[PDB]
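Here's upload.pdb, which has PDB, C-alpha atoms and all ligand atoms:
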```pdb
MODEL        1
ATOM      1  CA  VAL A  34    -123.169  75.162  35.097
ATOM      2  CA  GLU A  35    -123.179  74.453  38.842
ATOM      3  CA  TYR A  36    -119.684  74.418  40.397
ATOM      4  CA  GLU A  37    -118.435  71.126  41.834
ATOM      5  CA  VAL A  38    -114.796  71.744  42.816
ATOM      6  CA  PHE A  39    -113.126  74.810  44.346
ATOM      7  CA  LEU A  40    -109.331  75.282  44.032
ATOM      8  CA  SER A  41    -107.677  77.520  46.656
ATOM      9  CA  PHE A  42    -104.053  78.340  45.927
ATOM     10  CA  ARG A  43    -101.189  80.822  46.072
ATOM     11  CA  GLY A  44    -100.977  82.094  42.476
ATOM     12  CA  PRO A  45     -97.188  82.707  42.289
ATOM     13  CA  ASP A  46     -96.385  79.332  43.835
ATOM     14  CA  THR A  47     -98.447  76.854  41.816
ATOM     15  CA  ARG A  48    -100.574  78.600  39.209
ATOM     16  CA  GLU A  49     -98.323  77.179  36.436
ATOM     17  CA  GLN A  50     -97.574  73.764  37.947
ATOM     18  CA  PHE A  51     -99.784  71.356  39.872
ATOM     19  CA  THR A  52    -102.756  73.699  40.165
ATOM     20  CA  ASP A  53    -102.959  74.018  36.385
ATOM     21  CA  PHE A  54    -102.392  70.255  35.825
ATOM     22  CA  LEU A  55    -105.214  69.467  38.291
ATOM     23  CA  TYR A  56    -107.453  72.030  36.609
ATOM     24  CA  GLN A  57    -106.886  70.392  33.200
ATOM     25  CA  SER A  58    -107.589  66.856  34.488
ATOM     26  CA  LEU A  59    -110.785  67.939  36.191
ATOM     27  CA  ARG A  60    -111.984  69.395  32.870
ATOM     28  CA  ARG A  61    -111.292  66.104  31.087
ATOM     29  CA  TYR A  62    -113.877  64.722  33.506
ATOM     30  CA  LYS A  63    -116.151  67.692  32.803
ATOM     31  CA  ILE A  64    -115.967  68.614  36.491
ATOM     32  CA  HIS A  65    -117.006  72.238  36.866
ATOM     33  CA  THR A  66    -114.048  73.764  38.702
ATOM     34  CA  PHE A  67    -113.323  77.259  40.043
ATOM     35  CA  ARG A  68    -109.793  78.628  40.301
ATOM     36  CA  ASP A  69    -109.550  80.927  43.327
ATOM     37  CA  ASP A  70    -106.423  82.693  42.095
ATOM     38  CA  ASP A  71    -105.357  85.167  44.808
ATOM     39  CA  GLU A  72    -104.111  87.633  42.164
ATOM     40  CA  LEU A  73    -106.040  87.350  38.898
ATOM     41  CA  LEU A  74    -109.752  87.225  39.793
ATOM     42  CA  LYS A  75    -111.998  89.945  38.235
ATOM     43  CA  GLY A  76    -114.557  92.275  39.827
ATOM     44  CA  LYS A  77    -117.565  90.858  37.970
ATOM     45  CA  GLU A  78    -116.502  87.417  39.190
ATOM     46  CA  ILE A  79    -117.036  88.066  42.901
ATOM     47  CA  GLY A  80    -120.758  87.360  42.809
ATOM     48  CA  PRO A  81    -121.398  85.342  39.617
ATOM     49  CA  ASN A  82    -118.411  83.101  40.174
ATOM     50  CA  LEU A  83    -116.604  83.270  43.520
ATOM     51  CA  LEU A  84    -119.485  83.258  45.996
ATOM     52  CA  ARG A  85    -121.540  80.913  43.825
ATOM     53  CA  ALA A  86    -118.581  78.515  43.421
ATOM     54  CA  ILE A  87    -117.809  78.555  47.137
ATOM     55  CA  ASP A  88    -121.557  78.118  47.758
ATOM     56  CA  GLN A  89    -122.058  75.248  45.284
ATOM     57  CA  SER A  90    -118.786  73.296  45.393
ATOM     58  CA  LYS A  91    -118.997  70.167  47.528
ATOM     59  CA  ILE A  92    -115.237  69.622  47.253
ATOM     60  CA  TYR A  93    -112.581  72.165  48.242
ATOM     61  CA  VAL A  94    -108.939  71.701  47.340
ATOM     62  CA  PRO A  95    -106.478  73.937  49.232
ATOM     63  CA  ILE A  96    -103.150  73.661  47.441
ATOM     64  CA  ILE A  97    -100.953  74.805  50.285
ATOM     65  CA  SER A  98     -97.480  75.963  49.271
ATOM     66  CA  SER A  99     -94.746  77.836  51.157
ATOM     67  CA  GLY A 100     -96.090  81.284  50.210
ATOM     68  CA  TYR A 101     -99.753  80.448  50.990
ATOM     69  CA  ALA A 102     -99.838  82.236  54.355
ATOM     70  CA  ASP A 103     -98.073  85.286  52.863
ATOM     71  CA  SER A 104    -101.344  85.971  51.035
ATOM     72  CA  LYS A 105    -104.202  87.344  53.157
ATOM     73  CA  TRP A 106    -106.724  86.296  50.468
ATOM     74  CA  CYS A 107    -105.573  82.645  50.792
ATOM     75  CA  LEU A 108    -105.928  82.652  54.603
ATOM     76  CA  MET A 109    -109.289  84.416  54.408
ATOM     77  CA  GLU A 110    -110.519  81.844  51.937
ATOM     78  CA  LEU A 111    -109.210  78.842  53.872
ATOM     79  CA  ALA A 112    -110.986  80.060  57.026
ATOM     80  CA  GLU A 113    -114.185  80.444  55.025
ATOM     81  CA  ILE A 114    -113.653  77.033  53.427
ATOM     82  CA  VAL A 115    -113.304  75.554  56.931
ATOM     83  CA  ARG A 116    -116.366  77.375  58.296
ATOM     84  CA  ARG A 117    -118.539  76.188  55.447
ATOM     85  CA  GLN A 118    -117.440  72.571  55.843
ATOM     86  CA  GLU A 119    -118.243  72.752  59.565
ATOM     87  CA  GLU A 120    -121.779  73.999  58.709
ATOM     88  CA  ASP A 121    -122.258  71.274  56.106
ATOM     89  CA  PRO A 122    -119.999  68.268  56.932
ATOM     90  CA  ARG A 123    -121.121  66.699  53.638
ATOM     91  CA  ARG A 124    -118.590  69.042  52.058
ATOM     92  CA  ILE A 125    -115.065  67.729  51.704
ATOM     93  CA  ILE A 126    -111.711  69.469  52.051
ATOM     94  CA  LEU A 127    -108.809  67.855  50.169
ATOM     95  CA  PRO A 128    -105.486  69.487  50.984
ATOM     96  CA  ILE A 129    -102.471  69.336  48.708
ATOM     97  CA  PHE A 130     -99.207  70.000  50.521
ATOM     98  CA  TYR A 131     -97.081  71.455  47.751
ATOM     99  CA  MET A 132     -93.399  71.205  48.622
ATOM    100  CA  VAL A 133     -93.949  71.968  52.282
ATOM    101  CA  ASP A 134     -93.731  69.694  55.287
ATOM    102  CA  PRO A 135     -97.281  69.172  56.598
ATOM    103  CA  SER A 136     -95.850  69.864  60.121
ATOM    104  CA  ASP A 137     -95.251  73.493  59.118
ATOM    105  CA  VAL A 138     -98.807  73.772  57.819
ATOM    106  CA  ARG A 139    -100.124  72.174  61.044
ATOM    107  CA  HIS A 140     -98.219  74.450  63.434
ATOM    108  CA  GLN A 141     -97.567  77.445  61.165
ATOM    109  CA  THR A 142     -93.821  77.043  61.634
ATOM    110  CA  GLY A 143     -90.954  77.271  59.143
ATOM    111  CA  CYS A 144     -91.907  79.383  56.110
ATOM    112  CA  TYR A 145     -95.210  80.366  57.763
ATOM    113  CA  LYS A 146     -93.742  81.940  60.930
ATOM    114  CA  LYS A 147     -92.789  85.181  59.199
ATOM    115  CA  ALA A 148     -96.149  85.479  57.403
ATOM    116  CA  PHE A 149     -98.006  85.453  60.696
ATOM    117  CA  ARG A 150     -95.468  87.812  62.297
ATOM    118  CA  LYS A 151     -96.182  90.211  59.447
ATOM    119  CA  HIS A 152     -99.995  89.934  59.581
ATOM    120  CA  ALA A 153     -99.963  90.510  63.345
ATOM    121  CA  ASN A 154     -98.905  94.064  62.578
ATOM    122  CA  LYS A 155    -102.281  94.748  60.932
ATOM    123  CA  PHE A 156    -104.845  92.269  62.277
ATOM    124  CA  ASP A 157    -106.184  91.508  65.740
ATOM    125  CA  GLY A 158    -105.569  88.371  67.784
ATOM    126  CA  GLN A 159    -108.873  86.714  66.909
ATOM    127  CA  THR A 160    -108.313  87.137  63.172
ATOM    128  CA  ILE A 161    -104.787  85.742  63.345
ATOM    129  CA  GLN A 162    -106.075  82.877  65.494
ATOM    130  CA  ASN A 163    -108.892  82.030  63.122
ATOM    131  CA  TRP A 164    -106.324  81.856  60.307
ATOM    132  CA  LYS A 165    -104.017  79.567  62.304
ATOM    133  CA  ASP A 166    -106.907  77.358  63.373
ATOM    134  CA  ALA A 167    -107.810  76.840  59.711
ATOM    135  CA  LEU A 168    -104.286  75.793  58.704
ATOM    136  CA  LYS A 169    -104.125  73.440  61.681
ATOM    137  CA  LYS A 170    -107.531  71.919  60.870
ATOM    138  CA  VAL A 171    -106.658  71.412  57.202
ATOM    139  CA  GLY A 172    -103.052  70.424  57.829
ATOM    140  CA  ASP A 173    -104.518  67.569  59.889
ATOM    141  CA  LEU A 174    -106.714  66.194  57.078
ATOM    142  CA  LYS A 175    -105.666  63.336  54.779
ATOM    143  CA  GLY A 176    -104.346  64.570  51.451
ATOM    144  CA  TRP A 177    -101.419  64.415  49.049
ATOM    145  CA  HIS A 178     -97.937  65.690  49.582
ATOM    146  CA  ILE A 179     -96.105  66.895  46.494
ATOM    147  CA  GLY A 180     -92.316  66.925  46.676
ATOM    148  CA  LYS A 181     -89.451  67.721  44.351
ATOM    149  CA  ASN A 182     -89.310  64.125  43.060
ATOM    150  CA  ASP A 183     -92.999  63.737  42.308
ATOM    151  CA  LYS A 184     -94.399  63.607  38.813
ATOM    152  CA  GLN A 185     -97.033  66.282  39.381
ATOM    153  CA  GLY A 186     -99.065  65.162  36.343
ATOM    154  CA  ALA A 187     -99.459  61.696  37.799
ATOM    155  CA  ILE A 188    -100.651  63.091  41.111
ATOM    156  CA  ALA A 189    -103.068  65.383  39.315
ATOM    157  CA  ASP A 190    -104.464  62.313  37.527
ATOM    158  CA  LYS A 191    -104.827  60.429  40.805
ATOM    159  CA  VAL A 192    -106.491  63.366  42.523
ATOM    160  CA  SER A 193    -108.914  64.095  39.690
ATOM    161  CA  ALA A 194    -109.882  60.414  39.330
ATOM    162  CA  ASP A 195    -110.542  60.219  43.073
ATOM    163  CA  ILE A 196    -112.667  63.365  42.886
ATOM    164  CA  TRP A 197    -114.583  62.135  39.839
ATOM    165  CA  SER A 198    -115.452  58.777  41.393
ATOM    166  CA  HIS A 199    -116.686  60.445  44.577
ATOM    167  CA  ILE A 200    -118.832  62.961  42.667
ATOM    168  CA  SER A 201    -121.024  59.978  41.718
TER
ATOM    169  CA  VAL B  34    -118.050  41.892  66.823
ATOM    170  CA  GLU B  35    -116.456  42.089  63.406
ATOM    171  CA  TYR B  36    -113.051  43.661  62.930
ATOM    172  CA  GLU B  37    -113.428  47.216  61.615
ATOM    173  CA  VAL B  38    -109.844  48.465  61.135
ATOM    174  CA  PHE B  39    -106.779  46.517  59.961
ATOM    175  CA  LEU B  40    -103.384  48.050  60.803
ATOM    176  CA  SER B  41    -100.474  46.989  58.571
ATOM    177  CA  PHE B  42     -97.059  48.053  59.772
ATOM    178  CA  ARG B  43     -93.341  47.346  60.128
ATOM    179  CA  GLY B  44     -93.013  46.229  63.780
ATOM    180  CA  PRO B  45     -89.436  47.393  64.518
ATOM    181  CA  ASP B  46     -90.200  50.771  62.928
ATOM    182  CA  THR B  47     -93.501  51.846  64.488
ATOM    183  CA  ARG B  48     -94.738  49.305  67.046
ATOM    184  CA  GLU B  49     -93.769  51.712  69.874
ATOM    185  CA  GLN B  50     -94.554  54.955  68.090
ATOM    186  CA  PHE B  51     -97.468  56.096  65.910
ATOM    187  CA  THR B  52     -98.906  52.584  65.377
ATOM    188  CA  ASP B  53     -99.433  52.085  69.108
ATOM    189  CA  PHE B  54    -100.946  55.580  69.565
ATOM    190  CA  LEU B  55    -103.419  55.052  66.705
ATOM    191  CA  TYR B  56    -104.238  51.687  68.221
ATOM    192  CA  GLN B  57    -104.843  53.343  71.604
ATOM    193  CA  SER B  58    -107.039  56.077  70.111
ATOM    194  CA  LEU B  59    -109.020  53.596  68.021
ATOM    195  CA  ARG B  60    -109.470  51.576  71.183
ATOM    196  CA  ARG B  61    -110.823  54.647  73.003
ATOM    197  CA  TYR B  62    -113.588  54.720  70.387
ATOM    198  CA  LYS B  63    -113.963  51.007  71.078
ATOM    199  CA  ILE B  64    -113.248  50.423  67.381
ATOM    200  CA  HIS B  65    -112.347  46.729  66.869
ATOM    201  CA  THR B  66    -108.842  46.838  65.429
ATOM    202  CA  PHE B  67    -106.416  44.170  64.254
ATOM    203  CA  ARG B  68    -102.675  44.762  64.623
ATOM    204  CA  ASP B  69    -100.940  43.018  61.693
ATOM    205  CA  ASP B  70     -97.503  42.971  63.361
ATOM    206  CA  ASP B  71     -94.904  41.372  61.046
ATOM    207  CA  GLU B  72     -93.102  39.726  63.982
ATOM    208  CA  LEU B  73     -95.561  38.762  66.724
ATOM    209  CA  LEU B  74     -98.431  36.785  65.133
ATOM    210  CA  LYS B  75     -99.313  33.305  66.482
ATOM    211  CA  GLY B  76    -100.571  30.317  64.479
ATOM    212  CA  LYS B  77    -103.944  29.992  66.193
ATOM    213  CA  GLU B  78    -104.313  33.626  65.154
ATOM    214  CA  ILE B  79    -103.889  33.114  61.425
ATOM    215  CA  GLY B  80    -107.451  31.891  60.985
ATOM    216  CA  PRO B  81    -109.809  33.332  63.631
ATOM    217  CA  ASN B  82    -107.957  36.663  63.624
ATOM    218  CA  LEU B  83    -105.674  37.633  60.742
ATOM    219  CA  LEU B  84    -107.861  36.289  57.942
ATOM    220  CA  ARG B  85    -111.113  37.179  59.689
ATOM    221  CA  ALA B  86    -109.789  40.736  60.181
ATOM    222  CA  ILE B  87    -108.560  41.132  56.632
ATOM    223  CA  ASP B  88    -111.896  39.762  55.433
ATOM    224  CA  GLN B  89    -114.177  41.803  57.725
ATOM    225  CA  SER B  90    -112.335  45.126  58.083
ATOM    226  CA  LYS B  91    -113.565  47.778  55.667
ATOM    227  CA  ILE B  92    -110.713  50.155  56.533
ATOM    228  CA  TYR B  93    -107.050  49.315  56.094
ATOM    229  CA  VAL B  94    -104.310  51.465  57.553
ATOM    230  CA  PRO B  95    -100.860  50.814  56.049
ATOM    231  CA  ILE B  96     -98.336  52.606  58.240
ATOM    232  CA  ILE B  97     -95.495  52.801  55.761
ATOM    233  CA  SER B  98     -92.097  53.420  57.353
ATOM    234  CA  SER B  99     -88.596  53.231  55.869
ATOM    235  CA  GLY B 100     -88.254  49.549  56.744
ATOM    236  CA  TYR B 101     -91.659  48.541  55.357
ATOM    237  CA  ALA B 102     -90.364  46.956  52.128
ATOM    238  CA  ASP B 103     -87.637  45.060  54.024
ATOM    239  CA  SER B 104     -90.425  42.857  55.369
ATOM    240  CA  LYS B 105     -91.878  40.402  52.844
ATOM    241  CA  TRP B 106     -94.859  39.997  55.163
ATOM    242  CA  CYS B 107     -95.648  43.733  54.885
ATOM    243  CA  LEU B 108     -95.311  43.693  51.086
ATOM    244  CA  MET B 109     -97.454  40.542  50.790
ATOM    245  CA  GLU B 110    -100.145  42.019  53.047
ATOM    246  CA  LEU B 111    -100.193  45.359  51.225
ATOM    247  CA  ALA B 112    -100.673  43.505  47.921
ATOM    248  CA  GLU B 113    -103.590  41.599  49.515
ATOM    249  CA  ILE B 114    -105.108  44.772  50.956
ATOM    250  CA  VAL B 115    -104.813  46.404  47.544
ATOM    251  CA  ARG B 116    -106.390  43.331  45.909
ATOM    252  CA  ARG B 117    -109.284  43.290  48.391
ATOM    253  CA  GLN B 118    -110.177  46.973  47.946
ATOM    254  CA  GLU B 119    -110.167  46.624  44.133
ATOM    255  CA  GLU B 120    -112.509  43.644  44.546
ATOM    256  CA  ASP B 121    -114.766  45.662  46.843
ATOM    257  CA  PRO B 122    -114.215  49.448  46.566
ATOM    258  CA  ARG B 123    -116.539  50.157  49.465
ATOM    259  CA  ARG B 124    -113.360  49.316  51.341
ATOM    260  CA  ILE B 125    -110.830  52.118  51.756
ATOM    261  CA  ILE B 126    -107.078  52.310  52.294
ATOM    262  CA  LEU B 127    -105.635  55.049  54.536
ATOM    263  CA  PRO B 128    -101.838  55.307  54.225
ATOM    264  CA  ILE B 129     -99.660  56.783  56.929
ATOM    265  CA  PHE B 130     -96.306  57.967  55.566
ATOM    266  CA  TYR B 131     -94.153  57.562  58.664
ATOM    267  CA  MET B 132     -90.934  59.576  58.260
ATOM    268  CA  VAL B 133     -90.616  58.824  54.554
ATOM    269  CA  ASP B 134     -91.163  61.010  51.498
ATOM    270  CA  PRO B 135     -94.352  59.837  49.794
ATOM    271  CA  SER B 136     -92.215  60.189  46.624
ATOM    272  CA  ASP B 137     -90.122  57.240  47.759
ATOM    273  CA  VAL B 138     -93.121  55.026  48.536
ATOM    274  CA  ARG B 139     -94.646  55.961  45.186
ATOM    275  CA  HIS B 140     -91.495  55.138  43.182
ATOM    276  CA  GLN B 141     -89.854  52.678  45.565
ATOM    277  CA  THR B 142     -86.735  54.838  45.658
ATOM    278  CA  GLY B 143     -84.460  55.886  48.510
ATOM    279  CA  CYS B 144     -84.722  53.459  51.435
ATOM    280  CA  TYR B 145     -86.840  51.092  49.349
ATOM    281  CA  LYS B 146     -84.232  50.451  46.619
ATOM    282  CA  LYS B 147     -82.095  47.993  48.541
ATOM    283  CA  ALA B 148     -85.148  46.233  49.959
ATOM    284  CA  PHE B 149     -86.334  45.348  46.453
ATOM    285  CA  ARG B 150     -82.800  44.545  45.387
ATOM    286  CA  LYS B 151     -82.740  41.914  48.137
ATOM    287  CA  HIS B 152     -86.150  40.338  47.463
ATOM    288  CA  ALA B 153     -85.109  39.986  43.798
ATOM    289  CA  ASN B 154     -82.586  37.416  45.025
ATOM    290  CA  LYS B 155     -85.450  35.043  45.893
ATOM    291  CA  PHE B 156     -88.495  36.113  43.898
ATOM    292  CA  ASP B 157     -89.222  36.358  40.198
ATOM    293  CA  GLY B 158     -90.031  39.597  38.329
ATOM    294  CA  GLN B 159     -93.827  39.248  38.353
ATOM    295  CA  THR B 160     -93.787  38.880  42.141
ATOM    296  CA  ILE B 161     -91.487  41.846  42.703
ATOM    297  CA  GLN B 162     -93.563  43.961  40.306
ATOM    298  CA  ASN B 163     -96.864  43.171  42.020
ATOM    299  CA  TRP B 164     -95.257  44.396  45.239
ATOM    300  CA  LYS B 165     -93.976  47.579  43.598
ATOM    301  CA  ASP B 166     -97.415  48.231  42.087
ATOM    302  CA  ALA B 167     -98.993  47.924  45.543
ATOM    303  CA  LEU B 168     -96.680  50.544  47.034
ATOM    304  CA  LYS B 169     -97.291  52.808  44.057
ATOM    305  CA  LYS B 170    -101.070  52.423  44.223
ATOM    306  CA  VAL B 171    -101.142  53.069  47.982
ATOM    307  CA  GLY B 172     -98.492  55.807  47.864
ATOM    308  CA  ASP B 173    -100.746  57.720  45.430
ATOM    309  CA  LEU B 174    -103.755  57.715  47.823
ATOM    310  CA  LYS B 175    -104.646  60.549  50.197
ATOM    311  CA  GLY B 176    -103.263  59.989  53.673
ATOM    312  CA  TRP B 177    -101.239  61.527  56.472
ATOM    313  CA  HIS B 178     -97.541  62.211  56.656
ATOM    314  CA  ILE B 179     -95.671  62.001  59.929
ATOM    315  CA  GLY B 180     -92.388  63.848  60.399
ATOM    316  CA  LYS B 181     -89.902  64.425  63.206
ATOM    317  CA  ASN B 182     -91.663  67.618  64.327
ATOM    318  CA  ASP B 183     -95.160  66.120  64.406
ATOM    319  CA  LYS B 184     -97.020  65.396  67.618
ATOM    320  CA  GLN B 185     -98.062  61.851  66.762
ATOM    321  CA  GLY B 186    -100.774  61.625  69.401
ATOM    322  CA  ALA B 187    -102.476  64.596  67.773
ATOM    323  CA  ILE B 188    -102.390  62.853  64.391
ATOM    324  CA  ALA B 189    -103.542  59.527  65.827
ATOM    325  CA  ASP B 190    -106.556  61.384  67.238
ATOM    326  CA  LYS B 191    -107.380  62.991  63.906
ATOM    327  CA  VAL B 192    -107.046  59.689  62.048
ATOM    328  CA  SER B 193    -109.230  57.981  64.689
ATOM    329  CA  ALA B 194    -111.932  60.633  64.310
ATOM    330  CA  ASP B 195    -111.876  60.417  60.513
ATOM    331  CA  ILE B 196    -112.064  56.636  60.760
ATOM    332  CA  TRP B 197    -114.887  56.895  63.278
ATOM    333  CA  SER B 198    -116.944  59.272  61.073
ATOM    334  CA  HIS B 199    -116.513  56.943  58.129
ATOM    335  CA  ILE B 200    -117.502  53.818  60.101
ATOM    336  CA  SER B 201    -120.635  55.558  61.360
ATOM    337  CA  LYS B 202    -121.801  56.961  58.018
ATOM    338  CA  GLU B 203    -120.982  53.325  57.183
TER
HETATM  339 CO    CO A 301    -118.334  48.506  68.304
ENDMDL
END
```

For this file, produce the structure as structure tokens.
Ligand SMILES: [Co+2]
Amino acid sequence: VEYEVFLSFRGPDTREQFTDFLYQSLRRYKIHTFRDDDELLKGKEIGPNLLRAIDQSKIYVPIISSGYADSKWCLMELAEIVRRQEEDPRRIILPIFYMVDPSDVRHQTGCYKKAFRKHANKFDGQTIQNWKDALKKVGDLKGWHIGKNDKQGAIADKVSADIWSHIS
Amino acid sequence: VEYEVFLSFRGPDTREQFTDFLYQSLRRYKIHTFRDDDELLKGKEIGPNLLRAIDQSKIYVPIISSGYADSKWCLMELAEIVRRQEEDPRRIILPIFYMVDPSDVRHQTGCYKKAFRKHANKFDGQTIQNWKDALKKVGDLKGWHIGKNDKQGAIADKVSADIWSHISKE
């Protein structure tokens, strides 16, 4: 019933690949997991699911792909994920760097440059900054890189086992 | 006065780069840290240091560079580190992927192919395989990647802080 793990991801990048594989593995462990899909969430899920999940989950998994900063929902959620961990350092953030160099996540360079250029047309400096600070923070945490040669199912198994053993 | 952190690394690859910076940061926290350099150990240091440190340290940091598997000492030590954490999983292993794809560490491909080709001239299959299994096990753990665009002092600082939090929570 109570949520344990919170997946933050860019739908179009990973919803069918790693994110889904990780979701499946977590269920095999009966870990109650929320999928923060930036495109497919429903209106009656905001309260009963989203806020509760983000409130209850003690483990957050940002699956950060090349299109992650293109989505304002992703950035908004990462910032909130970061804030909540800072309030309650017992909470853990476990980044997955999906087919991006962690350097680009850390400095918002490469594929992320144009996202932030775009957002700066609509949002103020403090909002943009908060979003960059969250990517830097999380980009600097230990995690798993996923590259073109990885067996994503094996990584998913490693990640879910690690999560399961901690949850005890 | 026990060792707390055990650094495993390929000397010629990282001695002057990230390994030193992490050592310096750890030292700023006054964290007692052993440098398992594959070239510069002394014999009086095998007992009262190396073995003491590998025994006492509850955090192992394998800094895995492209020349890591070229060194039999590195491979041997990784296998030991991996054996010790399985024996006592309060211990943790924190891999640094220094200018290598984690993919390659995980599957011992790319730069690591020829290394294992060469060791197979002198060691039997069981021995080679135990070494491959160590790299795979460690390559599959959460850790930090370092690339050419990274500011390694920044990363050293973040690893130090993480290590420090963990030591303190105990
Ligand atoms: Co001390």

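Atom to atom, atom CA of residue A:132 and atom CA of residue A:178 stand 7.2 Å apart.
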
Residues up to 10 Å from ligand CO 301 (chain A), counting all atoms listed in the file: could you list those as a short mmCIF file (atom, residue, chain, number, x, y, z; two decimals) with C-alpha atoms, in the coordinates of the input?
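New file pocket_2.cif:
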```cif
data_model
loop_
_atom_site.label_atom_id
_atom_site.label_comp_id
_atom_site.auth_asym_id
_atom_site.auth_seq_id
_atom_site.Cartn_x
_atom_site.Cartn_y
_atom_site.Cartn_z
CA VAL B 34 -118.05 41.89 66.82
CA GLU B 35 -116.46 42.09 63.41
CA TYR B 36 -113.05 43.66 62.93
CA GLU B 37 -113.43 47.22 61.62
CA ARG B 60 -109.47 51.58 71.18
CA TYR B 62 -113.59 54.72 70.39
CA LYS B 63 -113.96 51.01 71.08
CA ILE B 64 -113.25 50.42 67.38
CA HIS B 65 -112.35 46.73 66.87
CA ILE B 200 -117.50 53.82 60.10
#
```

Taking all atoms listed in the file into account, which of B:160, B:198, B:136, B:154 comes nearest chain A?
B:136

Counting only C-alpha atoms, chain B residues within 12 Å of chain A, as number ranges by chain
B: 122-123, 125-130, 132-143, 169-196, 198-199, 202

Extract, using all atoms listed in the file, all DNA, RNA and protein residues at most 8 Å from residue A:62, discarding same-chain residues fewer than 4 positions from it, and format them as number ranges by chain.
A: 58, 193, 197

At a cut-off of 10 Å, using only C-alpha atoms, what residues contact residue A:165? Leave out same-chain residues fewer than 3 positions from it and give the result as a PDB file with C-alpha atoms, in the coordinates of the input.
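The result, written out as out_25.pdb:
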```
ATOM      1  CA  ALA A 102     -99.838  82.236  54.355  1.00  0.00           C
ATOM      2  CA  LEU A 108    -105.928  82.652  54.603  1.00  0.00           C
ATOM      3  CA  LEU A 111    -109.210  78.842  53.872  1.00  0.00           C
ATOM      4  CA  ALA A 112    -110.986  80.060  57.026  1.00  0.00           C
ATOM      5  CA  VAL A 138     -98.807  73.772  57.819  1.00  0.00           C
ATOM      6  CA  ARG A 139    -100.124  72.174  61.044  1.00  0.00           C
ATOM      7  CA  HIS A 140     -98.219  74.450  63.434  1.00  0.00           C
ATOM      8  CA  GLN A 141     -97.567  77.445  61.165  1.00  0.00           C
ATOM      9  CA  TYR A 145     -95.210  80.366  57.763  1.00  0.00           C
ATOM     10  CA  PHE A 149     -98.006  85.453  60.696  1.00  0.00           C
ATOM     11  CA  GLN A 159    -108.873  86.714  66.909  1.00  0.00           C
ATOM     12  CA  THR A 160    -108.313  87.137  63.172  1.00  0.00           C
ATOM     13  CA  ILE A 161    -104.787  85.742  63.345  1.00  0.00           C
ATOM     14  CA  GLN A 162    -106.075  82.877  65.494  1.00  0.00           C
ATOM     15  CA  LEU A 168    -104.286  75.793  58.704  1.00  0.00           C
ATOM     16  CA  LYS A 169    -104.125  73.440  61.681  1.00  0.00           C
ATOM     17  CA  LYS A 170    -107.531  71.919  60.870  1.00  0.00           C
ATOM     18  CA  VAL A 171    -106.658  71.412  57.202  1.00  0.00           C
TER      19      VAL A 171
END
```

If the PyMOL selection byres (((chain B and resi 69) around 6) and not hetatm) is run on the structure shown, which residues does it catch, given as a PyMOL selection string?
chain B and resi 40-41+68+70

Print the selection's residues with C-alpha atoms to a file, as a PDB file, in the coordinates of the input.
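Output below, filename result.pdb:
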```pdb
ATOM      1  CA  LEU B  40    -103.384  48.050  60.803  1.00  0.00           C
ATOM      2  CA  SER B  41    -100.474  46.989  58.571  1.00  0.00           C
ATOM      3  CA  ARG B  68    -102.675  44.762  64.623  1.00  0.00           C
ATOM      4  CA  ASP B  70     -97.503  42.971  63.361  1.00  0.00           C
TER       5      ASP B  70
END
```

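Atom CA of residue B:117 is found 22.5 Å from atom CA of residue B:55.
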
Residue neighbourhood residue B:153, 12 Å, all atoms listed in the file, exclusion window fewer than 4 positions, as number ranges by chain:
B: 103, 105, 146-149, 157-162, 164-165

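When the PyMOL selection byres (((chain A and resi 89) around 7) and not hetatm) is evaluated on the file shown here, the picked residues come out as residues 35, 36, 37, 85, 86, 87, 88, 90 and 91 of chain A.
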
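Note that atom CA of residue A:198 and atom CA of residue B:121 are 14.2 Å apart.
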
Where atoms are lacking, stretch 162-167 of chain B completed to N, CA, C and O atoms, as a compact mmCIF listing (two decimals), in the coordinates of the input:
```txt
# COMPACT_ATOMS: atom_id res chain seq x y z
N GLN B 162 -92.80 42.89 40.95
CA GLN B 162 -93.56 43.96 40.31
C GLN B 162 -94.94 44.17 40.95
O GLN B 162 -95.41 45.31 41.07
N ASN B 163 -95.58 43.08 41.34
CA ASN B 163 -96.86 43.17 42.02
C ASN B 163 -96.67 43.92 43.34
O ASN B 163 -97.52 44.71 43.75
N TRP B 164 -95.54 43.70 43.99
CA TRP B 164 -95.26 44.40 45.24
C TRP B 164 -94.97 45.87 45.01
O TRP B 164 -95.42 46.72 45.79
N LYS B 165 -94.24 46.19 43.94
CA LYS B 165 -93.98 47.58 43.60
C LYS B 165 -95.27 48.32 43.25
O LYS B 165 -95.47 49.45 43.67
N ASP B 166 -96.13 47.66 42.49
CA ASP B 166 -97.42 48.23 42.09
C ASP B 166 -98.32 48.52 43.29
O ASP B 166 -99.12 49.46 43.26
N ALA B 167 -98.22 47.69 44.33
CA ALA B 167 -98.99 47.92 45.54
C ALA B 167 -98.53 49.20 46.25
O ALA B 167 -99.35 50.03 46.65
```
